[PDB]
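Peer 1: Just dropping in an experimental structure and the matching sequence.
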Amino acid sequence: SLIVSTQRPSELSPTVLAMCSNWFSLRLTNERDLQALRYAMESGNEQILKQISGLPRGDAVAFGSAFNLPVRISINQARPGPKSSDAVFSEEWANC
Amino acid sequence: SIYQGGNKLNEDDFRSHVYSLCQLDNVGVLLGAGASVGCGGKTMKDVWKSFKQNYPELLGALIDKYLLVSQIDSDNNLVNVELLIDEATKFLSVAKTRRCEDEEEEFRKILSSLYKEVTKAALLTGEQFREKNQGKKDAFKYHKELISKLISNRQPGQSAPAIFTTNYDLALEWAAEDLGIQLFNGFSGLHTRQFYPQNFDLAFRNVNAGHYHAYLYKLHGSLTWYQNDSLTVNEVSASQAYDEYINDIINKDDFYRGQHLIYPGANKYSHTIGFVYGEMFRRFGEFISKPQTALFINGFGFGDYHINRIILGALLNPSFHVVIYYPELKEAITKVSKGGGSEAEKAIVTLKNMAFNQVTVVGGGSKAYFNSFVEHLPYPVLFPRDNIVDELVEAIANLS
Amino acid sequence: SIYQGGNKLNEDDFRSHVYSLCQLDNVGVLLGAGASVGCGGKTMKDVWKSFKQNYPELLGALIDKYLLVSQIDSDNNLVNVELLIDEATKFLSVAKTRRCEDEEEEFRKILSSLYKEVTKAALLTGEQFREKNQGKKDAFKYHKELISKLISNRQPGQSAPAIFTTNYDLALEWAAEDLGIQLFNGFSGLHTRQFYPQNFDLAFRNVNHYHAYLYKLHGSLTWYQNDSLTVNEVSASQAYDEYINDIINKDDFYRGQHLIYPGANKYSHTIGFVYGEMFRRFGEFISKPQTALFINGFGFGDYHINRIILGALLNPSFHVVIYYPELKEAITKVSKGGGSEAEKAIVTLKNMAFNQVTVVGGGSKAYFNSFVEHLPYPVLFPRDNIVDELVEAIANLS
Amino acid sequence: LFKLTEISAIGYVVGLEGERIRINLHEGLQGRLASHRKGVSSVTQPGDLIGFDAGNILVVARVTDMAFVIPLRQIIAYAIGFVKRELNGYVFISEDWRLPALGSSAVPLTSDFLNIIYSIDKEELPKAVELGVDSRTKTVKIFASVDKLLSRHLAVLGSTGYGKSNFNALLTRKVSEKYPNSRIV
Amino acid sequence: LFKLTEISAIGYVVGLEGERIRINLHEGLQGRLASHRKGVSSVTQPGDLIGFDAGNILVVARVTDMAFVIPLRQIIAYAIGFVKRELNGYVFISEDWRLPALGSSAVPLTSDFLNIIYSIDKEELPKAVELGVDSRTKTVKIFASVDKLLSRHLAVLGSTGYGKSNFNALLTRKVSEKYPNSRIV
Ligand SMILES: Nc1ncnc2c1ncn2[C@@H]1O[C@H](COP(=O)(O)OP(=O)(O)OC[C@H]2O[C@H](O)[C@H](O)[C@@H]2O)[C@@H](O)[C@H]1O
Ligand SMILES: Nc1ncnc2c1ncn2[C@@H]1O[C@H](COP(=O)(O)OP(=O)(O)OC[C@H]2O[C@H](O)[C@H](O)[C@@H]2O)[C@@H](O)[C@H]1O
Ligand SMILES: Nc1ncnc2c1ncn2[C@@H]1O[C@H](COP(=O)(O)OP(=O)(O)O)[C@@H](O)[C@H]1O
Ligand SMILES: Nc1ncnc2c1ncn2[C@@H]1O[C@H](COP(=O)(O)OP(=O)(O)O)[C@@H](O)[C@H]1O
Ligand SMILES: [Mg+2]
Ligand SMILES: [Mg+2]
């Protein structure tokens, strides 16, 4: 089994994306990254794709075989989370 | 044991079939004397045993003199009880007309025993027959469920359910007066009730924009209908009827009035009493001649000729459906296969072998009783299945 | 603390639940005697306590000679005062008609003392009951906020809020006249003001957010019946000069069918009409679909009102919110055994499995000044007061 | 003494034009909220869910338009399935080729049916992990069967700074505590 | 002498066809210009911002169409976010699925709410640098955070003779002034 996490669905093998069963999608603002998702899945539902362009921070739209109908979800906060971040300039420039 | 044109079908298919016939234009139900046996009633062959065990002296004269009943039937408990009272009334009437004084006592004495026997079995509560709120007892728990299920699955712009019966007791009235439903039965008034046959075409509506009513056709009469001195038919309440004439019938031993009572199909020779009986049959025949009808039968023994004749003729219409409950197929199939049984068995088995999809027969003993009939019927999604009102009523009563 | 349906809630869910109930078709409020103790009023316990201290001679007669009151509740301070006054009035009328001299003068003392005690505690400002602009003072700060928040939350085309109360003081009128609001209380006219029950069916209109309704269930200090068989209303100054001054600084009780507070003189068919109309209108309001009600300051010691409220829950679209400070004490006293009828009545509905009932308890988190802030202001409501700084300059030009 | 439904109505169907539905509201509803035995629900904003009672089933629809036509108001909706009762509970079917009748009442959807709509099978509950809550109302909890997730492949997509790593951490940590005899690299 | 609002309205909502809003305008100058305690405001052309009263929130929208239907005039608009109260002031949230109800009135946006829409998160002010002023009205100052701006790479683009060197010089000089221990090449 594979789990893939990318911010550029358009730079992927067309066969790899088309052969999944569950899709989670956070905010995706680019007209060429939405076409990949459009062609990966079937037709019959267009009112649901217009949401993805304006999702807030921390929401998702899930659809697949583990879901009877597509849902818009507000995901919980993990505890403890991953490593915080990289370095910050202000602290080092003010360490006189 | 479920059949449809000779082919056995499982339970789930039968349930999906019943679910589909409950959403047609017209829906009806026919009930017999076995449908009120869970409340305190008796069948027709339990009445004959009591009569022939209590009055063994009239039985000889009623067979060997007037030829009103056969030996084979009275030995096998196969007597048609309400077909004998009519003939007895005819005999008494002719004897009264031609003034034969010795023959009047012999019939006034046996008509006083036949009523004393059939009347007592229809009270269902004994001495509590004249009290109020009889519909709150546990014997009438399934009549309410039937009435409630029938009304709750109609869509706007559709007809009301219709109910026919051969019982002449008060079970359905008591059940319906507790839910708050109103049943039309052809009578109107309070200080004088009178029979108006034309009000079977009336209905209710709401002035602001309600649809809570049904029709009830009593084929053999009722205990509360009688004909006073004038030639009009009246209806009273149970308390009033008990205080007027029922008490004396049950207690006094030489009480017979005359052409007074309107049960069970007795005084048919009179031309103002047969009018009431004729209308019910005309409207029954009219109901089942419609494009999208579905009729359920339960409690009926198929021992009648006119009803069977009407039911057979209504099947030559490609959109009429029937469902039949009969808890004795096994004991009839063999008796017909070997030599042939009785007329009821012959009728039911000729109906079972028909190669239609429009007939369905159900058997299996207790699996085809009245109580099992109710749960085969659907149940609406938005119908409230809880108990909230009663708790508030208890709290209100507890206050102060 | 906060209960809904038998389990517990938190502050944020409760505050979000209050807001959605103010946007329904009908909205109402029921206020008791505890809503006026923050501006100068008193509770019934205090009134009985002060009477029992001041008049120790008349207290024996009521208990022994005439059986109008029992000993245990007199000791515990749990007597109903307006019922006592009504019974005394009935006694006096019967004695008067059958011509008994000994009892007629006996009951006058009791009645005059009871009116002195209950009138003295309803004048919220003392000697300044006469003067004008009484609603400009700081004691009436939260009544104005209540009225403002309750009017400004309605969308156009929705009905106006309705207010019921068991008080007979003038706090709400003084508060509403200072904002610039008009209340409909069932009277009309100036030089002769009379009661018309059909004034409750009218509303204003602009021919080029003005009004509310006020229902007083126990009367008012400014209502009286004259020699003519009609009921009148006068202003505070006129009533003070006419009959309120003598009640306090004199031994004056000589008219027995005159005052219309508190719930007294119910045996006269001209005076009972007013009370009957008020109560019928209250009963009709909570029978409508899509209704919400808030209750605060009211101790559940009335049988008729409890009977009415419980029977209204049978409709699926009626919701109610109740405030009761002394809740833990009631719970313990009824679990251990005992308690009066109020405690049993409130506890039995706290424990129901209904999502239409909410109970809020606390010490001072269920007071009147805590009820008002749970109600929200709209985003565009003006709050910065900058017309008074201009009025002071205008008067300073002189 | 008879109660056919313990819920009030919103409007009634006045037209059918193929697969779209047209509804007329009553006179009292102005504040976009309706109440029942369980609480208060919103009914008029586009994107909401409502239902019509058709015999012994409930048909579920979603709101698209709302306009004027005291003047009258109107609503347009589309159907996405129906809810059915079988033994003692309910099930949700995703076939949407059935329409109500003229005069059919329109009702709000309470929170009990909303749990039925976004539910998984009862026998698979021991095989489920929790992700979050419903986004529009924040009342219902969302579960998923692990067997149906990690059987085929799975995809996670998004821009930078919106929460991909958070979801990955949350998902992968839970699976270790449920199927400890599993290989993850 | 009781007032509900001290700023006067411009029109009212008459439709919601999906993500669009349709507005009808009052007659005369009442539908273009407003005067209030702090100045004068107007909505006149596509590109302006408008607001709707919705109880305890204020919905923010942008104009796209204007036309003749004295004749009657109409507008189309789209939603961005909303405003609410926090402690004693306000804050701006940027979700765009909430819409106003029919019959709501539309008002223009004062500069006091514009100062709130274009602000930063109330704590990065000690590390913020001023760049300019908003172009349309020129009454709101624009600030940016140093840690977020100079974290990853930055891109300045444009033709010749239009002002790249001005911007580079300004930014570098007032970053050197704030943190005198900086390293720049
Ligand atoms: N608990 C039960 N549930 C259902 N059916 C039952 C039950 N108990 C017995 N049965 C069946 O109930 C039936 C009882 O049949 P009977 O009372 O003799 O017949 P009728 O009611 O038509 O008699 C009146 C008719 O007589 C003239 O023909 C006129 O036409 C009258 O209409 C049997 O099949 C029992 O097995
Ligand atoms: N500051 C406060 N804020 C709110 N509630 C308070 C406050 N102080 C006390 N309370 C509570 O307020 C309540 C005071 O209860 P009482 O004044 O005796 O009751 P009533 O106004 O119904 O009495 C009149 C009734 O008499 C007949 O029964 C008729 O029904 C009349 O209507 C207590 O719970 C206090 O703890
Ligand atoms: N559902 C959520 N709830 C709360 N905080 C979140 C959520 N999703 C993301 N965040 C926050 O966003 C920050 C960065 O998100 P991250 O997962 O690193 O984004 P990405 O990896 O997609 O760039 C984290 O510190 C996290 O706390
Ligand atoms: N913000 C500004 N305000 C006023 N003048 C400007 C501004 N930005 C650029 N200019 C003008 O543009 C001219 C040259 O721009 P320059 O900085 O050389 O742009 P570039 O390097 O892209 O050619 C200067 O004379 C300056 O006056
Ligand atoms: Mg990451
Ligand atoms: Mg240059």
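Peer 2: Thanks, I have the structure now. Numbers count the residues shown, from 1 in each chain, chains lettered A, B, ... in the order given. Ligands and ions are numbered 1, 2, ... in the order given.
Peer 1: Contact partners for residue B:109?
Peer 2: residue B:58 (Cβ atoms under 8 Å, 6 or more residues apart in numbering or on different chains). From N, CA and C alone the C-beta is placed, and that goes for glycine too.
Peer 1: Could you check how many residues crowd around the closest residue to chain B within chain D?
Peer 2: Residue nearest to chain B within chain D: residue D:1 (3.6 Å; Cβ to the nearest Cβ). Residues near residue D:1, counting by other Cβ atoms under 10 Å in any protein chain shown, number 8.
Peer 1: how near is it to ligand 4?
Peer 2: Residue D:1 is 82 Å from ligand 4, where distance means Cβ to the nearest ligand atom, to the nearest Å.
Peer 1: got it, and residue B:376?
Peer 2: Distance, residue B:376 to ligand 4, using Cβ to the nearest ligand atom: 85 Å.
Peer 1: Same question for residue B:399.
Peer 2: Residue B:399 is 81 Å from ligand 4, by Cβ to the nearest ligand atom.
Peer 1: Run through the residues that contact that residue.
Peer 2: Residues near residue B:399 by Cβ under 8 Å, 6+ apart: C:303, C:306-307, C:310, C:345.
Peer 1: Can I get those residues in JSON lines including distance to residue C:44 and secondary structure?
Peer 2: Output for those, formatted as JSON lines (distance: Cβ to Cβ, whole Å; DSSP: H, G, I helix; E, B strand; the rest coil):
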{"residue": "C:303", "distance to residue C:44": "16", "secondary structure": "helix"}
{"residue": "C:306", "distance to residue C:44": "17", "secondary structure": "helix"}
{"residue": "C:307", "distance to residue C:44": "21", "secondary structure": "helix"}
{"residue": "C:310", "distance to residue C:44": "23", "secondary structure": "helix"}
{"residue": "C:345", "distance to residue C:44": "17", "secondary structure": "helix"}
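Peer 1: Going along the chain, name the strands of chain D.
Peer 2: In chain D, the strands defined using DSSP state E lie at D:11-16, D:21-25, D:33-35, D:40-42, D:49-54, D:57-68, D:73-85, D:90-93, D:105-108, D:128-134, D:141-145, D:154-157.
Peer 1: Same list, these, but as CSV with mean neighbour count and distance to chain B please.
Peer 2: Shown next, in CSV, are these (neighbours: other Cβ atoms under 10 Å in any protein chain shown; distance: least, Cβ to the nearest Cβ, whole Å):
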stretch, mean neighbour count, distance to chain B
strand D:11-16, 16, 9
strand D:21-25, 19, 13
strand D:33-35, 21, 15
strand D:40-42, 18, 15
strand D:49-54, 22, 5
strand D:57-68, 19, 5
strand D:73-85, 18, 5
strand D:90-93, 15, 7
strand D:105-108, 22, 8
strand D:128-134, 17, 22
strand D:141-145, 18, 23
strand D:154-157, 22, 36
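Peer 1: beta partners for residue D:34?
Peer 2: Assessed by DSSP bridges, residue D:34 has beta-bridge partners residue D:41.
Peer 1: Excluding covalently adjacent residues, which one is nearest to whatever residue of chain D ends up closest to chain A?
Peer 2: Per Cβ to the nearest Cβ, residue D:158 is where chain D lies closest to chain A, at 3.1 Å. Closest residue to residue D:158 apart from its sequence neighbours, by Cβ to Cβ, 6 or more residues apart in numbering or on different chains: residue A:26 at 3.1 Å.
Peer 1: Give me the neighbour count for that neighbour.
Peer 2: Counted with other Cβ under 10 Å, residues neighbouring residue A:26 total 23.
Peer 1: show me what contacts it?
Peer 2: Here residue A:26 is in contact with A:55, A:59-60, D:157-159, D:162-164 (Cβ under 8 Å, 6+ apart).
Peer 1: Please give me every residue in contact with residue D:68.
Peer 2: Listed by Cβ under 8 Å, 6+ apart, the contact set of residue D:68 reads D:74, E:14-15, E:102.
Peer 1: got the angle for the top helix by length along chain D vs strand D:128-134?
Peer 2: Secondary structure assigned by DSSP state H gives helix D:164-176 as the longest helix of chain D. Interaxial angle, helix D:164-176 versus strand D:128-134 (axes from the mean of the first three to the mean of the last three Cα atoms, to 10 degrees): 150 degrees.
Peer 1: Buried residues of helix D:164-176, list them for me.
Peer 2: D:164, D:166-167, D:170-171 (16 or more other Cβ atoms under 10 Å in any protein chain shown).
Peer 1: repeat for stretch B:65-75
Peer 2: Within stretch B:65-75, the residues scored as buried using 16+ other Cβ under 10 Å are B:69, B:74.
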